[PDB]
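S.K.: Build me a model from this:
(2 chains, ligands or ions: 4)
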Amino acid sequence: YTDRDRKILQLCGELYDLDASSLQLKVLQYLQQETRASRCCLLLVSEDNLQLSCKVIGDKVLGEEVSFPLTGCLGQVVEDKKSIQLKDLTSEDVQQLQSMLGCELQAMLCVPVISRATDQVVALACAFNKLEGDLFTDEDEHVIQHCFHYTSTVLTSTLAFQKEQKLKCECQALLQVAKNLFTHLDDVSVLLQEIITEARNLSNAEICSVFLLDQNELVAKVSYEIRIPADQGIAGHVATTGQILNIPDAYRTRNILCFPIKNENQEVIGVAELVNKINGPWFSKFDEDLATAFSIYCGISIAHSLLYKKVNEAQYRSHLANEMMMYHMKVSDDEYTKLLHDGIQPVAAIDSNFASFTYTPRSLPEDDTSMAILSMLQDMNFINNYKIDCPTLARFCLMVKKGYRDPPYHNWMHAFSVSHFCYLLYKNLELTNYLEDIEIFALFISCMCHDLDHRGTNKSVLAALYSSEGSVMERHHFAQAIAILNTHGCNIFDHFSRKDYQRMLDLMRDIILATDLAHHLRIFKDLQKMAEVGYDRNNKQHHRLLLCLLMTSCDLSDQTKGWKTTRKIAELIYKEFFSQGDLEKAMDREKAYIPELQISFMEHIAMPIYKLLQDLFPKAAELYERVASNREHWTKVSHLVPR
Amino acid sequence: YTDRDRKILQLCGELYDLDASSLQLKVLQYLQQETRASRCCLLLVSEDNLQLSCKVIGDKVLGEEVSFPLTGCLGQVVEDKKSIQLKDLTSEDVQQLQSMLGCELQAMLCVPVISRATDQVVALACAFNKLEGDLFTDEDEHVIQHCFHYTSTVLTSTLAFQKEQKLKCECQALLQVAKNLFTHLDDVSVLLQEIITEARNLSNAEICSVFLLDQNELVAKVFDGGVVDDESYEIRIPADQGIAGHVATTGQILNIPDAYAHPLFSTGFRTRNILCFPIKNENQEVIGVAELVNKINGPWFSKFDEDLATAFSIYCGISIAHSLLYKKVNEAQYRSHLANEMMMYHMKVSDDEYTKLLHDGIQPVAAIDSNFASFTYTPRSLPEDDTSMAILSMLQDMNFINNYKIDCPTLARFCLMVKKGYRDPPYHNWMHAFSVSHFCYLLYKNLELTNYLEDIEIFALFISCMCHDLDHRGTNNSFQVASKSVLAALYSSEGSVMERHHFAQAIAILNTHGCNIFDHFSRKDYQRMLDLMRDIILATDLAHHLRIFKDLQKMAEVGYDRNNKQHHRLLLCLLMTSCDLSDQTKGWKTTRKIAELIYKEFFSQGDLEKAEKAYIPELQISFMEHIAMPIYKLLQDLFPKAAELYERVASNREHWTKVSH
Ligand SMILES: [Mg+2]
Ligand SMILES: [Mg+2]
Ligand SMILES: [Zn+2]
Ligand SMILES: [Zn+2]
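M.R.: Residues are numbered from 1 along each chain as shown, chains lettered A, B, ... in the order given. Ligands and ions are numbered 1, 2, ... in the order given. Next up is the structure itself:
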């Protein structure tokens, strides 16, 4: 009648609430009337069309939303969109109803809410206990229909907008939490805590504990440490099965929501359980997809967080050891900043003759040396050509210097004068034409390190000092230079592609082990044919013997100096060569040999080298003749020797 | 009024659409009627109540929602909730509506939709060009009102719902990216692409470029996957240059409508707009910059593509920061092993080798041999393939595997690596090492070392016995004659140079993968367990032995404090020395067979190659007399069960005396 169309229009006038719940009251309360039903309520059919939900019964807006599987007798309504009555009952729907309900069920009118839009039962409108003459009519059903035909659109939309308002909210939630667990990849311990806090507020649990699978067992240290079998109890099952587990009653216990962690694959890597719901009977079957959502970020973060500990742990042990090879070398910040005072200086300002074969590196001050190295590499365009952080480079140089010990001869001062030669060779013989830049770098870096941590060596041959060992010692020096590169902010080969970096290691390993006179002798016959048959810049092999050769030549480079200079150094070579050890455990008439020993060295070792050098580099002849000369001075000092 | 209250109920009967737009149509096409207005449309007041929007004009649902600032003439309606008419509009306003709807404007009825809940003008109901007889009445405005009073709620809620559904998947959008990025914190190269792919979809740019601040300059590596064998092109622009430079320098976003119109902006491209934004870390230090070029389907960058950029830019900052932080480590690590690999001549214990050794049966010592533990045992007697086991069985029986929870797959790998780790001289071979370790082992039993030293020491001792001569070669050299030489120059000292080498070698193993049997020691143990090995192995220097010898006496003279930390050092040195020359305690034909190896080594090779056996008695006699004996006399001067050893050296000393004759 136009009369129902009075009360209805009156209704919709009133349904102006923003809350789908408060709208439901008005609609219910109006039916509670027009059907003489004691109590009325709507069971909203789930999005997945597989569950019923009821948040408002009668004139009471339930504290917690009641829900339950979309059964059969109550689940057939949804299907044929036909209205049923109590006499059409399972004892379940009758149990789960009068339970959710709260009383005697004598009557019941189920009229399906079918949308004119989607066109499907969206809600199950229920009327119970007909006030009095328990008689729900074929018209009691009509009034219901009629009501929703107008009222349903809005009801549903205010309800839906409220679902997206929630959905939108559990993301900003997660967006937040994602950004909080990721700010602690530093500390699996802090992170592990975050996961707990966050996991507790997200679901609103009384308590969360988190277990990290440790092989065949769960360890929720969460402060003490708690081991236990990986397959035992709740945690063990969930961990074993890799699938969530929800508990209504567990039997201040009650409920437990427990979920897996799993990694990139689906390998459960940990497990977490929440106990007891706050403001609730259990865990919203929504508190599961939300927990699963979260649980992705827990697995992502734990996985990397642990994988980062493993490194830091290891890498630490790696240096605990490496500082052992260091005699703990002290290169203080003040030390390096002091040397590195924005002025690397230029070689030109070092000295006029600083670059001519007639220079005597030992002639400089010892505190003015590490500079020269910076200005020597600088001018060889190596700092910029390779983008060498200076704070690092100046730290290397100071460390390599503090790495030399103190014998007469085998001291840092020998390493500098050996490197300075290398430097000379570079300029004077223009090495850029014969070898790649990375070689001239390694050759020089080697000169700087070849005798590191040396302590001095000692019917004998000089090429047993200034020379060989079993390569044992050459391997040491190389090994020591490595410890330096392995020291923080000292690795000057920081940015080299792994490609360069490796070869930068091999190069240095070869060159330094090349400083073994016993090795030189071995390749010597190879160093000749190359001298005989040019020197292929394309020949990878020829590069090797050149680099050996140059090294050797820098190493005994003191043979090419002035007589009075070689005279002075020979003192140091021989002061060393003749002393100490384990002999300690219990010379003038044996310094008489210093001449023959010396003469023999030059003739047999030293000259055959400078001969070669000038047999490849004619610019290198001045060195040979210098060696051949000094040889003759030595020859005279030998005349004074008896026979 | 029952008649409108007929038409209205009839309207809501119809307003069952799910699309807020299809609902606006029915409401609008009802009003196009009831007011005899040529066309109708609603202008929805923005959430921020600063903008009017219209997606439906007449019976046409617009392909692109129209919008515009909530003006003054149209904005006073929102304020006093008073409905107005064209004659209340400024020509300015007027020209906009005409232009917005595309027709003449003679009439117009604007009725404010006030919320029955919020109670605020939510929309502006517009009636245009009165269908002939241009006259919009005081009741034409009433039918409008009335209509909404019922129709407005549902209208407003369907609208709302649609905005939340749009907001929710714009959040989920962020979640996917956030997760896509946070799962690439290994190589900052892959993640760095993601940041691009992702950020480019996020704002919908034609192109994205990411730059990382490398000190005082912006850097950007080339890719898509060319191949970084030997890296792959790196762009550097001064950190304060152009757009990125500014944004990097000022650390604040930068939006451009037209880029040519910029002080800071040609080979085909021709760029329109640019959105550039900073990266910054936990503090607010710009760590990187990213620019998006050209908007797809748009003039520029929504002032919403900015907050979105900022939002994302957070995750970028998070991941980039950690990603790089991890590379730094991993580098420092590859750069170690690469070196470490080399001080090893690339040793490789195979996944098969180890499992073959480790066949669930460590076997006990007891089943090795009857008195495999008695002072008369000749370790050298056993088979070479059967040694590594013995080790495993000896550490087993001393209770070290479990007491320290040594992973066996790690431990067995270690043992096979320190073995493959020895070389091949006559005397300084793995066999010397096993026999030397074995002697340690014996000592532990027979003297019951558990009463004098801490279990960690007996552990370092043994482990040193295992490596003390790693990677050894043959010592000998030149001989000041061969009669003018001392055995305490082989079976002894060096300059400590070599002992430092064996200690260091053993470190390269521990530093090799799955061999660090000291994996789980507290940083405290791990350290001390390294000093221990360092000291002990350096103690295998005869020159060092002699050096502390006088201190090895007062201890032997004055008891042996187990509380003396100093007594434990000497005691451990002594023990090592004793295991080193332990073959002096073996049986005459045993020691005789050994000395051959010692003496075969002690006499050969070197640089002599590049560049007298009759003394084997005095040489050896002199050894025992000066070095070897005073040791075993001290071993028995502290351990009386160690007497059997002394006498066995003193005796062997005597046979040697006879071979001398
Ligand atoms: Mg040398
Ligand atoms: Mg040794
Ligand atoms: Zn040298
Ligand atoms: Zn030994």
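S.K.: Torsion angles phi and psi at residue A:72?
M.R.: phi -110, psi -60 (degrees, to the nearest 10).
S.K.: which residue packs closest to it, ignoring adjacent ones?
M.R.: residue A:90 (6.3 Å; C-beta to C-beta, 6 or more residues apart in numbering or on different chains). For the C-beta atoms, the positions are set from N, CA and C on the backbone; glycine is no exception.
S.K.: Count the residues that sit near that neighbour.
M.R.: Neighbours of residue A:90 under the rule other C-beta atoms under 10 Å in any protein chain shown: 14.
S.K.: Quick check: the gap between it and chain B.
M.R.: Per C-beta to the nearest C-beta, to the nearest Å, residue A:90 is found 32 Å from chain B.
S.K.: swap in residue A:266?
M.R.: Counting by C-beta to the nearest C-beta, the gap from residue A:266 to chain B is 14 Å.
S.K.: again, but for residue A:429
M.R.: 27 Å.
S.K.: In three-state terms, label the residue lying closest to residue A:511 once chain neighbours are set aside for me.
M.R.: Among residues not flanking residue A:511 along the chain, residue A:446 sits closest, at 4.0 Å (C-beta to C-beta, 6+ apart). Counting by DSSP: H, G, I helix; E, B strand; the rest coil, the backbone at residue A:446 sits in helix.
S.K.: cool, and residue A:259?
M.R.: Per three-state DSSP, residue A:259 ends up strand.
S.K.: The closest residue to it other than its chain neighbours and ligand 4, how far apart?
M.R.: Nearest residue to residue A:259, sequence neighbours excluded (C-beta to C-beta, 6+ apart): residue A:244, at 4.6 Å. From residue A:244 across to ligand 4, the span is 61 Å (C-beta to the ion, to the nearest Å).
S.K.: before we move on, the earlier item: looks like the residue nearest to residue A:511 contacts residue A:512 (just checking).
M.R.: Yes: between residue A:446 and residue A:512 there is a contact under C-beta atoms under 8 Å: 5.2 Å.
S.K.: Are the longest helix along chain A and chain B in contact anywhere?
M.R.: When chain A is parsed with DSSP state H, its longest helix is helix A:140-181. Yes: using C-beta under 8 Å from any C-beta of the partner chain, we find that helix A:140-181 touches chain B at A:149-150, A:152-154, A:157-158, A:160-161, A:164-165, A:167-168, A:171-172, A:174-175, A:178-179.
S.K.: again with stretch A:303-314
M.R.: Yes: Stretch A:303-314 reaches chain B (C-beta under 8 Å from any C-beta) through A:304, A:308, A:311-312, A:314.
S.K.: do the same with stretch A:23-42
M.R.: No: Stretch A:23-42 lies apart from chain B when judged by C-beta under 8 Å from any C-beta; the minimum separation is 8.8 Å.
S.K.: Between the two ends of that stretch, what distance do you get?
M.R.: End-to-end distance for stretch A:23-42, by C-alpha to C-alpha, to the nearest Å: 12 Å.
S.K.: what does stretch A:345-362 give?
M.R.: Termini of stretch A:345-362 sit 19 Å apart (C-alpha to C-alpha).
S.K.: Contacts for it, please.
M.R.: A:371-372, A:374-376, A:378-379, A:413, A:416-417, A:420-421, A:423-424, A:427-428, A:560-562, A:565, A:568-569, A:622-623, A:626 (C-beta atoms under 8 Å, 6 or more residues apart in numbering or on different chains).
S.K.: If we go by neighbour counts, what in stretch A:100-113 is buried?
M.R.: Across stretch A:100-113, burial judged by 16 or more other C-beta atoms under 10 Å in any protein chain shown covers A:100-101, A:107-113.
S.K.: re earlier: and the residue nearest to residue A:259, backbone torsions?
M.R.: Dihedral angles for residue A:244 - degrees, to the nearest 10 - are phi -40, psi 170.
S.K.: Ligand 1 versus that one, what's the distance?
M.R.: Relative to ligand 1, residue A:244 is positioned 68 Å away (C-beta to the ion).
S.K.: Output the residue of chain A whose distance to ligand 2 is smallest.
M.R.: Distance from ligand 2 to each residue of chain A (C-beta to the ion) is smallest for residue A:472, at 12.0 Å.
S.K.: Name the nearest residue to that residue, ignoring sequence neighbours.
M.R.: residue B:498 (5.9 Å).
S.K.: Filter the buried residues of stretch A:100-113 down to the ones in helices?
M.R.: Short answer: these in helices (DSSP H) are A:100-101.
S.K.: JSON lines for the buried residues of stretch A:100-113, including distance to ligand 1?
M.R.: Listed next are these as JSON lines, based on distance: C-beta to the ion, whole Å:
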{"residue": "A:100", "distance to ligand 1": "92"}
{"residue": "A:101", "distance to ligand 1": "97"}
{"residue": "A:107", "distance to ligand 1": "108"}
{"residue": "A:108", "distance to ligand 1": "103"}
{"residue": "A:109", "distance to ligand 1": "105"}
{"residue": "A:110", "distance to ligand 1": "100"}
{"residue": "A:111", "distance to ligand 1": "102"}
{"residue": "A:112", "distance to ligand 1": "98"}
{"residue": "A:113", "distance to ligand 1": "96"}
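S.K.: How about stretch A:571-585, which residues are buried there?
M.R.: A:572-574, A:576-578, A:582, A:585.
S.K.: export it as PDB, just CAs?
M.R.: C-alpha atoms of stretch A:571-585 as PDB (Å, rounded to 0.1, in the frame of the first residue of the first chain):
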ATOM      1  CA  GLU A 571     128.900  -1.200   4.500                       C
ATOM      2  CA  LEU A 572     125.300  -1.700   5.500                       C
ATOM      3  CA  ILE A 573     125.000  -4.800   3.300                       C
ATOM      4  CA  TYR A 574     128.000  -6.400   4.900                       C
ATOM      5  CA  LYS A 575     127.400  -5.100   8.400                       C
ATOM      6  CA  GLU A 576     124.200  -7.100   8.000                       C
ATOM      7  CA  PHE A 577     125.300 -10.200   6.100                       C
ATOM      8  CA  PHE A 578     127.800 -10.900   8.900                       C
ATOM      9  CA  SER A 579     126.000 -11.500  12.300                       C
ATOM     10  CA  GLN A 580     123.700 -13.000  15.000                       C
ATOM     11  CA  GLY A 581     120.800 -15.500  15.200                       C
ATOM     12  CA  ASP A 582     120.500 -18.800  17.200                       C
ATOM     13  CA  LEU A 583     124.300 -18.700  17.100                       C
ATOM     14  CA  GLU A 584     123.700 -16.400  19.900                       C
ATOM     15  CA  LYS A 585     123.000 -19.600  21.800                       C
END
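S.K.: what does that stretch contact?
M.R.: Under the contact criterion C-beta under 8 Å, 6+ apart, stretch A:571-585 has outside partners A:407-410, A:456-458, A:462, A:465-466, A:587, A:590-591, A:594, B:488-489, B:492-493, B:495, B:542-543, B:546-547.
S.K.: Quickly check: that stretch near ligand 2 or not.
M.R.: No: using C-beta under 5 Å from the ion, stretch A:571-585 stays clear of ligand 2, coming no nearer than 12.5 Å.
S.K.: ok, that stretch near ligand 1 or not?
M.R.: No: Stretch A:571-585 lies out of reach of ligand 1 by C-beta under 5 Å from the ion, never closer than 11.3 Å.
S.K.: Can you get me the centre-to-centre distance for that stretch and its chain?
M.R.: 50 Å (C-alpha atoms, centre = their mean, to the nearest Å).
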